[PDB]
Amino acid sequence: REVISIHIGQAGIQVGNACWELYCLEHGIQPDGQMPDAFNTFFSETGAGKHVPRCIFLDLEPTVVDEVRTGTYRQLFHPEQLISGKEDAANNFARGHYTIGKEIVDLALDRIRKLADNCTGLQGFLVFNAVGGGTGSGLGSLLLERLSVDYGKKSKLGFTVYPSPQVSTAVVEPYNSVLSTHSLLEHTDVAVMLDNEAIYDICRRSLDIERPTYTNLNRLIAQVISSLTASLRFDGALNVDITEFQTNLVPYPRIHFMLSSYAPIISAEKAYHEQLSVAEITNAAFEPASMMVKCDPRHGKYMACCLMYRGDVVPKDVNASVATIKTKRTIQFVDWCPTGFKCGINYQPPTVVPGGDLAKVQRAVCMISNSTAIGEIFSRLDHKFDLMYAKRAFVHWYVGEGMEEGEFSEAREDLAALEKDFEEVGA
Amino acid sequence: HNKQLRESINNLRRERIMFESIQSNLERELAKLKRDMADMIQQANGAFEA
Amino acid sequence: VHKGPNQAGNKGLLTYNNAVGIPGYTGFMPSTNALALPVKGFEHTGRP
Amino acid sequence: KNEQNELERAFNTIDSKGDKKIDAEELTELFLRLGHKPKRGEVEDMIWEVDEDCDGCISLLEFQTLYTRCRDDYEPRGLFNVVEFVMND
Amino acid sequence: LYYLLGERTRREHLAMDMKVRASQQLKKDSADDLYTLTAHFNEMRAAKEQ
Amino acid sequence: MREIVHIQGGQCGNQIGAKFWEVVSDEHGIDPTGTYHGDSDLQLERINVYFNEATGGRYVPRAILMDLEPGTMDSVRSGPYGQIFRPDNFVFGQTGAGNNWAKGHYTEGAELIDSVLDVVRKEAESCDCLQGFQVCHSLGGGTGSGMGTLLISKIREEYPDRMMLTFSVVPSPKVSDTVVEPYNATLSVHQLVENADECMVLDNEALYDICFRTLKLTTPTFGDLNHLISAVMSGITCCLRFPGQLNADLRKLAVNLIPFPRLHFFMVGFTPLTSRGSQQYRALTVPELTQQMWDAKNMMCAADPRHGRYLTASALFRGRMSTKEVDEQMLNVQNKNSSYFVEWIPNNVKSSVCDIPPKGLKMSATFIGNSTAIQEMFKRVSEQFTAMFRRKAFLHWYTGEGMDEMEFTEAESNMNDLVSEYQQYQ
Amino acid sequence: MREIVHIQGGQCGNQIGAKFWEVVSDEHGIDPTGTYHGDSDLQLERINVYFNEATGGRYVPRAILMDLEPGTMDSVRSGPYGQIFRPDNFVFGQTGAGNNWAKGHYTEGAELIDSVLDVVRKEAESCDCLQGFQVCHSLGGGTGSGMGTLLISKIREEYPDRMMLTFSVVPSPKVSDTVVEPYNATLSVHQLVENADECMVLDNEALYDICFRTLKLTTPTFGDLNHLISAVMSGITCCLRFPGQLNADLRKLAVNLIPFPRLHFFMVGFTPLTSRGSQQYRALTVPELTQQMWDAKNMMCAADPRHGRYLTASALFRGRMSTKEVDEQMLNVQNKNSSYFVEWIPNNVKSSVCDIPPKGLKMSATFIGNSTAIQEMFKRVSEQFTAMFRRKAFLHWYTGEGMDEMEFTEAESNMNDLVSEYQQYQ
Ligand SMILES: Nc1nc2c(ncn2[C@@H]2O[C@H](COP(=O)(O)OP(=O)(O)OP(=O)(O)O)[C@@H](O)[C@H]2O)c(=O)[nH]1
Ligand SMILES: Nc1nc2c(ncn2[C@@H]2O[C@H](COP(=O)(O)OP(=O)(O)O)[C@@H](O)[C@H]2O)c(=O)[nH]1
Ligand SMILES: Nc1nc2c(ncn2[C@@H]2O[C@H](COP(=O)(O)OP(=O)(O)O)[C@@H](O)[C@H]2O)c(=O)[nH]1
Ligand SMILES: [Mg+2]
């Protein structure tokens with residue numbers, strides 16, 4: 001049972017730069033790459049006293065990639081994986097999908113080919129990218145397209161980073177986001193949205209760090225992913241693999257967008273503070289003050305929820321907890337499903353990273369649900385997309401690259417169809 | 001500041017929506033239960049007369 | 001009637017106690033001075 | 001009720017498609033009939049502060065509770081004052 | 001004006017919440033009375049059988 | 001002589017069977033290395049029902065583990081009494097179904113079921129006279145329900161004359177693991193009512209409630225729940241493995257408890273079950289066991305039997321007892337609560353006595369009741385099935401694999417006619 | 001054979017019962033670990049009245065502890081002879097009523113009485129031929145008075161033909177611990193006049209006076225008072241457990257003492273009670289016992305009988321005594337002070353002899369007199385009840401909980417006709 005992880009764009013490989021640091025520490029691998037069977041799902045044992053990740057960083061600008069090449073993880077991250085282009089897509093979906101994709105995607109998927117042939121029990125792929133940028137959106141969609149036509153039946157777990165409504169670093173993010181979803185809809189099987197402003201508020205409120213950088217963000221992103229694959233990496237009382245989300249969380253072939261959350265995101269002094277048990281973290285996983293997307297789940301009705309439990313938990317109290325949640329009436333469910341839960345329990349507690357701001361906790365919960373607040377998110381992005389598109393702003397860059405208005409309009413009405421789909425299902 | 005207050009009000013109203021919906025569902029279930037109550041009364045009367 | 005839940009005093013085969021009583025005693029006897037049941041007519045399970 | 005028959009007749013004459021829904025755009029044509037030019041962002045606010053249960057659209061029940069509330073006594077009377085004008089004339 | 005509107009809508013929302021809580025209490029009452037009535041009907045069934 | 005092979009499916013089935021083979025080996029006195037170390041001779045004559053002598057006192061169980069994910073098999077070999085199975089009996093897939101009944105019944109079955117059929121065949125003709133088959137599995141999971149269900153169908157087609165026991169847990173909304181519980185349970189039950197001879201229904205909700213109230217445990221892990229189910233399974237099969245003053249075989253219990261070919265869903269209890277703090281303060285008499293046995297809060301289903309009637313009932317006792325006391329206790333229970341029994345069948349209680357108690361106890365019992373309160377469970381499930389199916393949720397992960405819609409309507413109709421005929425005979 | 005189920009309610013009842021079971025176990029020679037260590041066979045043949053053997057000489061009391069604050073349970077388990085009760089009989093709430101009769105009768109009763117009824121139902125069906133029940137409780141508190149009252153009412157409506165003893169301490173103005181003493185006593189007495197067959201009025205005032213004058217104790221804690229009350233209760237039921245020249249069971253004593261269905265409030269005493277300093281200067285004869293029995297200062301109630309008349313009286317003697325001496329003494333004490341006895345009833349004294357003295361005495365006695373002076377105690381309480389009820393002090397705590405005012409009017413009216421008919425027969 002093995003799963004490979006590809007990273008697209010500037011944000012994706014920074015996430016991976018934190019993720020694999022967490023992985024090698026969790027499996028006791030020094031950054032040079034050797035230990036002083038559970039690792040087999042991420043690391044292949046070459047020769048003697050060496051392990052190499054099942055991953056490929058890829059990006060168009062060489063700055064961030066060769067910073068990985070020269071950093072502390074020279075020996076661990078292997079030479080061929082780190083694919084780097086010569087020049088950026090420059091926040092231009094057309095430039096990252098039609099000009100430079102045509103030269104880089106074949107080299108990438110030919111690497112993925114020999115990676116899958118090295119693997120034996122491939123569970124699925126999982127991609128890391130942000131759709132606001134050019135490289136993450138454009139060749140990310142192009143790659144996912146060629147991965148779908150090549151394998152198709154294998155699960156594809158897409159952990160995307162959407163632009164925040166009020167916090168924004170770029171300008172053409174609406175154009176690139178919409179053009180990303182136009183392919184993300186019919187290519188990814190299981191796609192999890194993670195905003196930035198929510199993580200800012202989480203680090204501000206619970207972690208009480210006044211001045212956070214991207215490092216702490218990516219640190220807790222790795223915590224979430226590691227807590228999601230812990231069921232495969234280690235045995236538990238009730239294990240749940242990568243194919244179960246495919247079944248238990250996606251009621252329709254076009255409704256796959258999952259809100260994720262994590263608990264307890266706590267500081268060092270506050271672990272000393274509070275008495276921790278299952279009931280309060282099961283609660284705190286449902287407040288919007290602890291979700292990974294800046295959206296209000298009270299505005300929406302849940303479709304299905306999944307609960308990853310790590311550490312020292314029995315099935316008794318977690319079953320009692322979800323009982324209290326199901327009988328609470330602050331939050332409601334759809335009338336379509338009576339049993340809207342999918343639990344999972346693993347024995348190994350979450351590990352800590354030196355320099356990280358989380359305390360070592362006895363037990364933690366990773367929630368992944370499905371709601372209609374996402375349907376509100378896409379409308380919020382759609383509104384500011386049409387505001388800019390109405391004046392034909394910035395269109396000449398994409399047209400000069402070689403695209404037209406047809407895919408603009410059809411992606412616009414494609415999101416409109418997605419809006420209608422959500423409004424119909426939520427009823 | 002006006003926009004902040006407006007957003008807060010909008011949130012409050014959108015939660016009021018959820019509250020009235022769950023109220024409606026609970027009322028449906030309560031009506032079904034009182035129907036069951038009346039049925040049990042009728043069954044008891046029948047057994048007593050028998 | 002005589003057999004009841006939760007009391008292990010008077011569960012012996014004989015109604016009375018042979019140790020300190022005559023039949024029709026209706027006095028309490030402990031479980032220690034109470035007879036044991038016969039399982040079957042032949043007493044062993046072996047094939048030499 | 002003797003005011004309320006004409007209230008609901010005023011409501012459907014303000015409406016054009018005849019349904020429960022009235023949009024700010026129909027409100028713009030009503031403003032054109034009144035004669036004074038509304039602001040750029042005024043008519044959305046006027047509909048938003050009164051539309052309470054549903055969203056975007058305004059409903060007959062919403063109009064009704066708004067009317068009896070604004071009949072009573074520091075309260076937004078945005079759309080109330082203008083319909084009252086229709087009631088007066 | 002918007003401040004006062006918020007002050008009003010908060011009270012209305014709290015009223016809705018308390019109505020929901022009362023509905024839950026009535027749910028519990030109705031469930032208990034249903035259980036007792038079913039028990040009574042089973043008793044009457046035993047009586048008429050005897 | 002009379003032979004019972006064991007078939008374990010899915011994760012729950014494997015962990016239940018692990019505890020089951022631990023307690024059976026404990027009863028027959030064989031150590032976890034596979035050799036005999038008992039004291040009494042009574043254990044030797046009836047190990048041929050559950051074992052095969054290999055070489056020099058090496059008794060391997062007549063078991064077949066079957067699933068699709070190596071985690072469960074590793075957890076089997078990890079714990080004690082895992083070194084005694086035959087590695088060839090570890091018939092085993094590689095992909096994994098994962099809560100998808102269509103995966104467990106149409107795609108992965110086509111390449112696993114021929115192999116499991118090979119090994120279960122070879123293990124069937126390895127012995128002389130089959131009594132029947134014994135399958136432990138779930139109705140919520142994918143690799144347990146679907147694969148085990150097709151296995152039942154294939155087996156009942158090849159050996160239609162042998163008995164068959166199915167210990168199947170059912171899901172409940174109060175202890176709910178997954179989301180597709182009704183889509184799995186409805187289809188499996190739909191197939192079990194035409195294939196299986198009888199089913200012993202279990203559920204985790206009643207077990208948790210038992211360990212809370214009667215056992216008064218603090219942390220009811222899965223180990224103790226599987227421990228209770230194992231004690232139940234040893235209790236129902238003790239008649240063949242040991243002599244007694246009145247012997248009741250499997251077919252004997254079936255013909256005593258099954259009045260109609262579709263009325264074969266049993267609810268089970270177990271006695272004695274006492275808390276450790278009160279373990280020495282209690283007494284051991286047949287009335288004491290009977291009071292705990294006929295209690296409604298001791299059933300291992302989420303079906304209050306006082307909301308219906310017992311069609312029939314059975315109690316298998318273990319220990320030195322007087323059958324006169326046994327029969328008068330059954331008569332007292334039938335005479336006092338005469339409303340809770342059916343009218344048109346007199347003497348609704350079958351009994352049996354075996355003279356060997358379980359290890360550590362002086363006297364135990366095992367209750368098996370075919371009541372009509374089970375229709376509450378199936379209505380409770382079928383209504384969730386209709387709630388999801390009426391708006392076609394989650395339907396496409398099944399229709400996209402080979403299943404069609406009329407199968408779901410078939411399971412609906414079969415579930416509905418079953419519960420209606422239960423309501424009829426009530 | 002004849003059976004007595006013991007029920008303890010409230011803090012007063014539980015601690016009294018704790019010393020009670022200590023004394024009883026001492027008399028039957030069973031050590032606090034629950035095994036037999038006596039010497040004669042006379043102790044064995046009548047422990048089915050009070051105990052049930054669990055397994056191998058482990059005798060457990062037939063008692064039910066019932067309260068709402070775990071501190072009493074802790075104080076029970078902490079002391080010796082604490083590990084003998086069955087943990088299942090520790091039926092027990094969690095909130096606490098706290099001197100609120102409505103809390104003990106309407107709020108917590110509704111969810112605690114069902115469970116305690118199931119426990120006492122199992123304890124009563126565990127025995128064959130009920131003689132009656134024995135309920136120790138208080139009248140001042142809430143969880144003892146109101147709860148025990150509801151339990152008595154439920155039991156009387158279920159087992160109407162069985163006897164019932166209740167030992168109730170009553171409040172006094174001189175020993176006045178709580179403040180709603182009249183509000184609790186009046187309602188409880190109003191219910192004990194209709195439900196309970198007979199009760200024994202006790203009070204802490206007379207007990208303190210006894211420990212000061214006769215015992216000449218320095219620090220009369222609650223342990224010694226409960227020791228006295230325990231000795232009296234043991235003296236009452238000595239007749240069922242040990243044979244004598246003249247048996248007098250509970251029902252036999254009831255019919256000998258109760259002339260009219262409402263005249264069942266008895267003042268009780270106990271002899272001998274002498275200080276260890278003066279036990280050397282005393283003798284041990286039946287006159288020596290009797291002239292301490294009929295002493296006014298030896299009654300365990302604050303109702304001096306020389307303010308009224310005796311209706312009936314009983315004496316239970318224990319030890320190898322001469323029945324002529326017994327009867328000539330009852331005749332002499334009836335002829336000397338003839339005015340204090342009722343006129344239209346000849347031979348107002350029932351007597352009885354048992355041949356087994358308590359451990360530590362050669363010859364003992366127990367006086368149970370049904371006088372008419374108890375109208376003084378009820379008058380003393382009813383006037384405090386009216387004094388508060390005249391302008392509704394403390395009333396909202398009860399009326400706001402479900403009770404109404406006409407219950408109080410009913411209670412005082414029943415108290416008033418009770419006292420007036422005692423005065424009538426005087
Ligand atoms: N959470 C998080 N987001 C990041 C991080 N780095 C970049 N981003 C997001 O990435 C978006 C812009 O895209 P980039 O990742 O900078 O670069 P790109 O996606 O490859 O697109 P190009 O700049 O054209 O190459 C910004 O809106 C950021 O929000 C990071 O370390 N953590
Ligand atoms: N009693 C018991 N039940 C279990 C155990 N493991 C899982 N279950 C139940 O089985 C259901 C899930 O079945 P699963 O093991 O996933 O079936 P599978 O995926 O087909 O192998 C859950 O509802 C659990 O309640 C166990 O060890 N003991
Ligand atoms: N003899 C005796 N009386 C007690 C003891 N504890 C409390 N009391 C009496 O009980 C009365 C108060 O009633 P209480 O015990 O609180 O009743 P409850 O609250 O219902 O349990 C006081 O007047 C005390 O005199 C005790 O240990 N021995
Ligand atoms: Mg970039």
# chains A, B, ... in the order shown; residues from 1 in each chain; ligands from 1
$ residues_near_ligand --ligand "ligand 3" --cutoff "8 Å" --atoms "only C-alpha atoms and all ligand atoms" --output "ChimeraX atom specification"
/G:9-13,15-16,67,97-99,137-147,169-171,175-178,203-204,222-223,225-226,229
$ write_last_selection --atoms "C-alpha atoms" --output "short mmCIF file (atom, residue, chain, number, x, y, z; two decimals), in the first residue's frame"
data_model
loop_
_atom_site.label_atom_id
_atom_site.label_comp_id
_atom_site.auth_asym_id
_atom_site.auth_seq_id
_atom_site.Cartn_x
_atom_site.Cartn_y
_atom_site.Cartn_z
CA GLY G 9 -33.30 5.76 53.69
CA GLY G 10 -31.64 9.03 54.52
CA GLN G 11 -28.48 9.75 56.43
CA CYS G 12 -30.15 8.86 59.73
CA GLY G 13 -31.45 5.58 58.36
CA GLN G 15 -26.03 5.12 59.85
CA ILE G 16 -28.58 3.49 62.14
CA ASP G 67 -30.17 7.98 49.48
CA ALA G 97 -33.00 16.62 47.90
CA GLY G 98 -31.86 18.50 50.98
CA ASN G 99 -34.71 18.95 53.45
CA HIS G 137 -35.79 6.54 58.11
CA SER G 138 -36.09 10.02 59.58
CA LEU G 139 -38.90 12.55 59.53
CA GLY G 140 -37.01 15.85 59.47
CA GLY G 141 -34.94 15.52 56.32
CA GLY G 142 -36.13 15.30 52.76
CA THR G 143 -34.35 12.32 51.26
CA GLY G 144 -35.32 10.19 54.25
CA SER G 145 -38.84 11.32 55.05
CA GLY G 146 -40.34 12.14 51.67
CA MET G 147 -38.49 9.47 49.72
CA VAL G 169 -37.04 9.58 64.46
CA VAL G 170 -39.20 12.65 64.98
CA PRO G 171 -38.14 16.28 65.51
CA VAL G 175 -33.27 19.16 69.54
CA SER G 176 -34.08 21.25 66.47
CA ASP G 177 -31.52 20.76 63.73
CA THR G 178 -33.30 21.80 60.53
CA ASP G 203 -36.31 11.07 69.01
CA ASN G 204 -32.86 12.38 69.73
CA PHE G 222 -24.21 9.40 67.08
CA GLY G 223 -22.51 6.02 67.30
CA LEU G 225 -27.48 6.48 69.86
CA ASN G 226 -27.53 4.21 66.83
CA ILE G 229 -31.67 2.01 68.49
#
$ residues_around --residues "range 79-82 of chain D" --least-positions-apart "2" --cutoff "7 Å" --atoms "only C-alpha atoms" --output "PyMOL selection string"
chain D and resi 46-47+67+70+77+84-86
$ residues_near_ligand --ligand "ligand 1" --cutoff "9 Å" --atoms "only C-alpha atoms and all ligand atoms" --output "PyMOL selection string"
chain A and resi 8-15+59-61+87-93+95-96+129-138+161-164+167-170+173+194-197+199+213-218+221
$ atom_distance --atom1 "CA of residue 22 in chain C" --atom2 "CA of residue 28 in chain G"
22.9 Å
$ select_by_dssp --residues "range 58-235 of chain A" --states "alpha helix (DSSP H)" --output "count of residues only"
86
$ closest_atom_pairs --of "chain B" --to "chain A" --cutoff "9 Å" --atoms "only C-alpha atoms" --output "CSV"
residue,atom,partner,partner_atom,distance
B:11,CA,A:299,CA,8.0
B:14,CA,A:299,CA,6.1
B:15,CA,A:299,CA,6.4
B:17,CA,A:299,CA,8.5
B:18,CA,A:299,CA,7.4
B:19,CA,A:330,CA,8.0
B:22,CA,A:332,CA,7.4
$ select_by_dssp --residues "range 184-330 of chain G" --states "strand (DSSP E)" --output "number ranges by chain"
G: 198-202, 265-268, 310-318
$ write_last_selection --atoms "N, CA, C and O atoms" --output "PDB file, in the first residue's frame"
ATOM      1  N   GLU G 198     -47.510  -0.198  61.365  1.00  0.00           N
ATOM      2  CA  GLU G 198     -47.189   0.402  62.648  1.00  0.00           C
ATOM      3  C   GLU G 198     -45.785   0.967  62.581  1.00  0.00           C
ATOM      4  O   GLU G 198     -44.938   0.474  61.835  1.00  0.00           O
ATOM      5  N   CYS G 199     -45.549   2.014  63.361  1.00  0.00           N
ATOM      6  CA  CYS G 199     -44.234   2.621  63.431  1.00  0.00           C
ATOM      7  C   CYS G 199     -43.830   2.777  64.883  1.00  0.00           C
ATOM      8  O   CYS G 199     -44.662   2.770  65.789  1.00  0.00           O
ATOM      9  N   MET G 200     -42.532   2.929  65.087  1.00  0.00           N
ATOM     10  CA  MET G 200     -41.961   3.165  66.401  1.00  0.00           C
ATOM     11  C   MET G 200     -41.394   4.572  66.415  1.00  0.00           C
ATOM     12  O   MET G 200     -40.416   4.855  65.718  1.00  0.00           O
ATOM     13  N   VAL G 201     -42.009   5.456  67.195  1.00  0.00           N
ATOM     14  CA  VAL G 201     -41.524   6.824  67.255  1.00  0.00           C
ATOM     15  C   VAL G 201     -40.246   6.867  68.074  1.00  0.00           C
ATOM     16  O   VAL G 201     -40.159   6.279  69.158  1.00  0.00           O
ATOM     17  N   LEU G 202     -39.238   7.543  67.543  1.00  0.00           N
ATOM     18  CA  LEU G 202     -37.979   7.764  68.230  1.00  0.00           C
ATOM     19  C   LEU G 202     -37.668   9.250  68.185  1.00  0.00           C
ATOM     20  O   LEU G 202     -38.255  10.004  67.407  1.00  0.00           O
ATOM     21  N   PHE G 265     -48.877   4.170  66.849  1.00  0.00           N
ATOM     22  CA  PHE G 265     -47.653   4.911  67.126  1.00  0.00           C
ATOM     23  C   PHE G 265     -47.176   4.514  68.514  1.00  0.00           C
ATOM     24  O   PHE G 265     -47.760   4.933  69.517  1.00  0.00           O
ATOM     25  N   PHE G 266     -46.119   3.718  68.577  1.00  0.00           N
ATOM     26  CA  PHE G 266     -45.669   3.115  69.818  1.00  0.00           C
ATOM     27  C   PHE G 266     -44.416   3.801  70.329  1.00  0.00           C
ATOM     28  O   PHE G 266     -43.492   4.075  69.559  1.00  0.00           O
ATOM     29  N   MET G 267     -44.378   4.054  71.631  1.00  0.00           N
ATOM     30  CA  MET G 267     -43.169   4.504  72.303  1.00  0.00           C
ATOM     31  C   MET G 267     -42.429   3.285  72.825  1.00  0.00           C
ATOM     32  O   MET G 267     -43.046   2.366  73.368  1.00  0.00           O
ATOM     33  N   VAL G 268     -41.116   3.272  72.647  1.00  0.00           N
ATOM     34  CA  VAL G 268     -40.322   2.079  72.895  1.00  0.00           C
ATOM     35  C   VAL G 268     -39.269   2.374  73.949  1.00  0.00           C
ATOM     36  O   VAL G 268     -38.859   3.521  74.146  1.00  0.00           O
ATOM     37  N   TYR G 310     -52.164   4.409  79.236  1.00  0.00           N
ATOM     38  CA  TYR G 310     -51.709   3.324  78.382  1.00  0.00           C
ATOM     39  C   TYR G 310     -52.911   2.639  77.753  1.00  0.00           C
ATOM     40  O   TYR G 310     -53.879   2.317  78.445  1.00  0.00           O
ATOM     41  N   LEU G 311     -52.854   2.425  76.444  1.00  0.00           N
ATOM     42  CA  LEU G 311     -53.853   1.578  75.808  1.00  0.00           C
ATOM     43  C   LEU G 311     -53.461   0.115  75.930  1.00  0.00           C
ATOM     44  O   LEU G 311     -54.184  -0.688  76.524  1.00  0.00           O
ATOM     45  N   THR G 312     -52.314  -0.246  75.369  1.00  0.00           N
ATOM     46  CA  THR G 312     -51.767  -1.587  75.463  1.00  0.00           C
ATOM     47  C   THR G 312     -50.264  -1.487  75.668  1.00  0.00           C
ATOM     48  O   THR G 312     -49.657  -0.436  75.462  1.00  0.00           O
ATOM     49  N   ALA G 313     -49.657  -2.597  76.070  1.00  0.00           N
ATOM     50  CA  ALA G 313     -48.221  -2.626  76.276  1.00  0.00           C
ATOM     51  C   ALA G 313     -47.714  -4.033  76.027  1.00  0.00           C
ATOM     52  O   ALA G 313     -48.452  -5.008  76.181  1.00  0.00           O
ATOM     53  N   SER G 314     -46.448  -4.134  75.637  1.00  0.00           N
ATOM     54  CA  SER G 314     -45.834  -5.428  75.397  1.00  0.00           C
ATOM     55  C   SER G 314     -44.415  -5.441  75.927  1.00  0.00           C
ATOM     56  O   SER G 314     -43.727  -4.419  75.943  1.00  0.00           O
ATOM     57  N   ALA G 315     -43.987  -6.620  76.352  1.00  0.00           N
ATOM     58  CA  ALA G 315     -42.645  -6.836  76.857  1.00  0.00           C
ATOM     59  C   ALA G 315     -42.087  -8.084  76.206  1.00  0.00           C
ATOM     60  O   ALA G 315     -42.707  -9.148  76.272  1.00  0.00           O
ATOM     61  N   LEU G 316     -40.933  -7.956  75.576  1.00  0.00           N
ATOM     62  CA  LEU G 316     -40.243  -9.089  74.977  1.00  0.00           C
ATOM     63  C   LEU G 316     -39.004  -9.359  75.813  1.00  0.00           C
ATOM     64  O   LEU G 316     -38.082  -8.538  75.850  1.00  0.00           O
ATOM     65  N   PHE G 317     -38.990 -10.495  76.490  1.00  0.00           N
ATOM     66  CA  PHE G 317     -37.888 -10.865  77.356  1.00  0.00           C
ATOM     67  C   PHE G 317     -36.979 -11.849  76.641  1.00  0.00           C
ATOM     68  O   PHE G 317     -37.427 -12.643  75.812  1.00  0.00           O
ATOM     69  N   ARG G 318     -35.694 -11.790  76.965  1.00  0.00           N
ATOM     70  CA  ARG G 318     -34.708 -12.664  76.357  1.00  0.00           C
ATOM     71  C   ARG G 318     -33.830 -13.254  77.443  1.00  0.00           C
ATOM     72  O   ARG G 318     -33.209 -12.516  78.213  1.00  0.00           O
TER      73      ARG G 318
END
$ interface_residues --of "chain F" --to "chain G" --cutoff "8 Å" --atoms "only C-alpha atoms" --output "PyMOL selection string"
chain F and resi 277-278+280-284
$ interface_residues --of "chain B" --to "chain D" --cutoff "10 Å" --atoms "only C-alpha atoms" --output "list in words"
residues 6, 9, 10, 13, 14, 16, 17 and 20 of chain B
$ closest_atom_pairs --of "chain E" --to "chain F" --cutoff "10 Å" --atoms "only C-alpha atoms" --output "JSON lines"
{"residue": "E:38", "atom": "CA", "partner": "F:307", "partner_atom": "CA", "distance": 8.9}
{"residue": "E:39", "atom": "CA", "partner": "F:307", "partner_atom": "CA", "distance": 9.1}
{"residue": "E:42", "atom": "CA", "partner": "F:307", "partner_atom": "CA", "distance": 8.4}
{"residue": "E:43", "atom": "CA", "partner": "F:339", "partner_atom": "CA", "distance": 9.0}
{"residue": "E:45", "atom": "CA", "partner": "F:339", "partner_atom": "CA", "distance": 7.5}
{"residue": "E:46", "atom": "CA", "partner": "F:339", "partner_atom": "CA", "distance": 5.3}
{"residue": "E:47", "atom": "CA", "partner": "F:339", "partner_atom": "CA", "distance": 8.8}
{"residue": "E:48", "atom": "CA", "partner": "F:339", "partner_atom": "CA", "distance": 9.7}
{"residue": "E:49", "atom": "CA", "partner": "F:339", "partner_atom": "CA", "distance": 7.0}
{"residue": "E:50", "atom": "CA", "partner": "F:339", "partner_atom": "CA", "distance": 8.3}
$ write_last_selection --atoms "N, CA, C and O atoms" --output "compact mmCIF listing (two decimals), in the first residue's frame"
# COMPACT_ATOMS: atom_id res chain seq x y z
N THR E 38 -47.70 3.07 25.73
CA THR E 38 -47.47 1.75 25.16
C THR E 38 -47.40 0.70 26.26
O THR E 38 -47.95 -0.40 26.11
N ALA E 39 -46.74 1.02 27.37
CA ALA E 39 -46.72 0.08 28.50
C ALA E 39 -48.13 -0.22 28.98
O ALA E 39 -48.47 -1.38 29.25
N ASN E 42 -49.88 -2.56 26.56
CA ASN E 42 -49.42 -3.93 26.71
C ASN E 42 -50.00 -4.57 27.97
O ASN E 42 -50.36 -5.76 27.95
N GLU E 43 -50.12 -3.80 29.05
CA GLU E 43 -50.77 -4.33 30.24
C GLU E 43 -52.22 -4.71 29.96
O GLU E 43 -52.68 -5.78 30.38
N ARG E 45 -53.44 -5.55 27.12
CA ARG E 45 -53.40 -6.75 26.30
C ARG E 45 -53.25 -8.00 27.16
O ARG E 45 -53.95 -8.99 26.96
N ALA E 46 -52.32 -7.96 28.12
CA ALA E 46 -52.17 -9.10 29.03
C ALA E 46 -53.46 -9.36 29.79
O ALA E 46 -53.86 -10.52 29.97
N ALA E 47 -54.12 -8.30 30.25
CA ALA E 47 -55.35 -8.46 31.02
C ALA E 47 -56.45 -9.11 30.18
O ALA E 47 -57.11 -10.04 30.64
N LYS E 48 -56.65 -8.63 28.95
CA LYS E 48 -57.69 -9.20 28.12
C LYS E 48 -57.34 -10.62 27.67
O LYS E 48 -58.24 -11.44 27.47
N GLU E 49 -56.05 -10.92 27.53
CA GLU E 49 -55.65 -12.29 27.22
C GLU E 49 -56.00 -13.23 28.37
O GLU E 49 -56.56 -14.31 28.16
N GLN E 50 -55.67 -12.83 29.60
CA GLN E 50 -56.05 -13.64 30.75
C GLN E 50 -57.56 -13.73 30.89
O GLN E 50 -58.08 -14.75 31.36
$ interface_residues --of "chain C" --to "chain F" --cutoff "9 Å" --atoms "only C-alpha atoms" --output "list in words"
residues 3, 4, 5, 6, 7, 8, 9, 11, 13, 37, 38, 39, 40, 45 and 46 of chain C
